[PDB]
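Presented below is the structure to which this report refers.
To keep things simple, chains are lettered A, B, C, D, E, F, G, H and I as they appear, and every chain counts its residues starting from 1.
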């Protein structure tokens, strides 16, 4: 008996528009044998959101390390 | 039990009085 | 007699004993040294002059306090004899008890 | 002819007797009387417990098609002045005020014989206004402050600034979005420091108001870390003084209670309601409940929807500990898949973070949430429920996230496609960088799914547990999990913001007809149908969320807060208005 | 008790006006004599008895 | 015996379960009129000099 | 010393430190203050380690009282004692992030009535913090409990009433004169001096 | 007949330094490195000034 | 030490990786013979601190000496 939320207005077919991404190969395995097209698209947009969030967190992780000594040792000479 | 005993300690609850300067004490009610 | 700075002016406005406790021993029953001592020297119970308080200057009221040390009779036993002391009549145990 | 004084303490020999604090004799002499009452009002008598975990359906069904709305008894007693009260043309209200401490009320006639129930009045301020008007408690708080030698850190300028924020209605909903997504974790706050830095800078430079004053968590984090070069300073002094005053109130409240103790515990628990541990703040993000069960000797029964909670041992079986984001580096995919494969309706398990002992006894959260906020804002606030998956979809599915071409540092608005985030950013008049939206969409991994509501039931102190019926030994309270309080919203704002949020009635200080009718269309219809509802006391909330009798803060506290003045004198009033009216509180009041 | 006044001003006022003199001022106090022998006070040309 | 003070502090506050409150820290808590009251006689018993 | 730029000769004295500093206590220690000190200055600071003294310590001084206050039957009472901290420094309340960073370098000592402060000592100790959390009534400065080794309350010059007056009175120009005139000995000498003045 | 040299403003300044939660802890370091030596303080004048 | 504050967080492999410094030839003298890897590394680290302190003091001493008048008299020729 639960209402979810009204919905945000949003642009469609964004991933299929944008040509190049590491997300497309991992994204292709989003099967739909039962769900209708619009429910499938809600699920797809959610899946892209998750993939982008994973990429962004991994980006921050690679941001964490800082600078080691060896790189300044190499370049400063 | 200890809350009751502490309230009893702080309130002054319980004789005779040794010497009475004025006279017969009159009780007060609130 | 030294005295706390928070003594009430109204207490000195009316005739009272300088001890800070009522010392009227005639009131208690006769020949009861325990009852008379409980009236004069106790602070488990408030004085008969003011119930809400026990003593205005506890430095003179209780046994062995400063005033008791100064002006008790036979407690000194070494002061020069021949000099009158106006406070002696108030702090002496035997004299308070003879009434 | 001796001038004898007669203070409170000298008479205490009759005030602390338990004969005074018992309603058994009152209830006997009342029940046996004939002519029962013929008006046994039923509204807000007791809480009703739901099966469905969702609160959105609760609020919808409660305000969907509403009509003539009843108003409680105490909300009427606190409206009359004293002289109009005592006049015998308002008699049915006098007839039910037999005892000063026990607020009594009559049930529904149908189903059984007439019976009356008395619930204890927990604090001084719940005493009705015609028996203790606002000015009396204002002066009493002034007297308390002069007693404890409390020195007000806060200046009136910071309170006027807080209030000018509270009546903004041009408030950026995006600062609210960020405030909602952080939900009180240190690591995510440190992830997004430049975001909130830019945010505070723009909100304090474009206008003379300061944002993020809503959640106590953001205040603590900004004072704790962004005291550095965070913003253009001038604004940091506000947060300095706010936290300083929050601590000074506890300085005073500790000075009120004596150094002496009952047993192992001190006596500060019993004298003021804020200092007591069994009180819970309305907004909870860490594991407070199980800690409360560990500390509470009196049975602290929790209710999550339909499911009860009474044991520390069931801690896994009802509460899902939200892991730290780094420890969850492996467990992200299962969590995300749970949203599509898991039925969040009637889940009956809670996603919460591990508890952190701040080292203050949580007094500061209660003091900010119960005294500072309702005073400085005249209590114009509500609770808010969010659907976090829509927030993620608005943030991550944006254009600049996907395109490997777009740089890390640019004005997103130039490359922004037409989408609701565009309207949000434009109304919030703040231009954010790409890195900040990347970090926000990154914070999605940890965030909970939806906002939840929980009931707490704590037995009173042993000093006031004397009562005829066990139900009266309980005291009920509502706690928000994974949610936030909100100021008044705008109408132009509630075009792109309704896509993400919904209104919640709350605790009396956080229940307001203006705000809830602002957010909900249906509550706006309800208020337009019945304008008398504009007051904070006469507002009707779903019994599934709010019970006017069985709460810590009754209606009169809210009524006073509605007319509360923003001076610090009223802050002292609301501070002192939290004394418990227990014998061991009377002793401490006598000492001072 | 015997006549004690903590400043000169209270003693001047008490010599002038017997009834309405202030028994307690802001910071200075006065104790009026209540003794078995009432004594007539003569200050300059003004008399209190 | 040992001069390492960090061990001293940590040895004092490690698992402390009872906190004793000193005498004079009780008197400075009470105000004057409450101090003289005969409900508090333990502390006043030792105010001789 | 383990900075690297301070250790490495190749780098200049005048240049700022943050530009080549690595993840460690120094990065966060300067990120707390947002201060930009130069490499030469940090090298000169590290140079103080030649004569830098050892651990900070506590030493207890005990003197007899004045001849005007000597009279008492027990020889133990006529003395008063105090504790001096050697090579340490008094300190204000720490923030939480700054204590988490600094717990490598600094530790707390509540050792004197003016300086045994529960809200300052609460940050520097997790154990004392929890100890106060179990007993909030303890947080008053007059009733706070310090170790016997660091001081004993009766055998001390200052006392709990003076610290309590310090806790009550607000900072003001009258309060300085108050605490000044409060440090008057109780002896016939003070009686004569005050009878003069 | 004493005259104070200090305003209430400077007293408020000292009180405000006392209630500084964001007091830079590295300051203590500098003090700890001088630990009350004259010459050693003279070594570090340009950093105490900064 | 009955107790001590935990070790401050620092980089690793400083002495060997980045630099080759005039301190190293003097530093090489000390040996690990008895001590385990951990305590040996810690004492090594302390000794490197001490050598850095000596070097900083010794360079500052000549920084302090001042400017010669004769070198400024040669400013002409």
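Just so we're on the same page, contacts are C-beta pairs under 8 Å (C-beta built on N, C-alpha and C of every residue); 3 or more make two chains touch, one makes a residue touch a chain.
Colleague: Which chain is the middle one, judged by CA centres?
Modeller: Smallest centre-to-centre distance to the global C-alpha mean: chain D.
Colleague: For the pairs C-F and C-D, output the one whose chains share more C-beta pairs in contact.
Modeller: Counting C-beta pairs in contact, C-F comes out ahead.
Colleague: With centres defined as the mean C-alpha position, give me the chain B-chain F separation in Å.
Modeller: 28
Colleague: Counting only Cα atoms for the centres, state how far chain A is from chain C in Å.
Modeller: Chain A and chain C have C-alpha centres separated by 90 Å.
Colleague: Distance from the CA centroid of chain A to that of chain H, rounded to the nearest Å?
Modeller: 52
Colleague: Roughly how far is chain D from chain G, centre to centre by C-alpha average, rounded to an integer in Å?
Modeller: Result: the chain centres lie 40 Å from each other.
Colleague: If I count partner chains per residue in chain F, which residues reach a count of at least 2?
Modeller: As it turns out, chain F has residues touching two or more other chains at 4, 6, 10, 21, 25, 29, 33, 37-39.
Colleague: Touching two or more other chains, which residues of chain I qualify?
Modeller: Counting only residues that touch two or more other chains, chain I contributes 5, 11, 14, 18-19, 60.
Colleague: Taking the touch rule as given, give the residues of chain F at its contact with chain D in the complex, in rising order.
Modeller: It comes out as residues 18, 21, 25-26, 29-31, 33-34, 37, 39.
Colleague: Could you list, by residue number, the parts of chain E that touch chain C in their complex?
Modeller: 1, 4, 23-24, 29, 31-32, 34
Colleague: Chain H touches which residues of chain D in the complex?
Modeller: The contact residues of chain D facing chain H are 153, 223-224, 227-228, 240, 243-244.
Colleague: What does chain F use to touch chain G in their complex?
Modeller: 3-6, 8-14, 16-17, 19-22, 24-25, 28-29
Colleague: Spell out the part of chain I that touches chain A in their complex, as residue ranges.
Modeller: The touching residues are 11, 13-14, 17-19.
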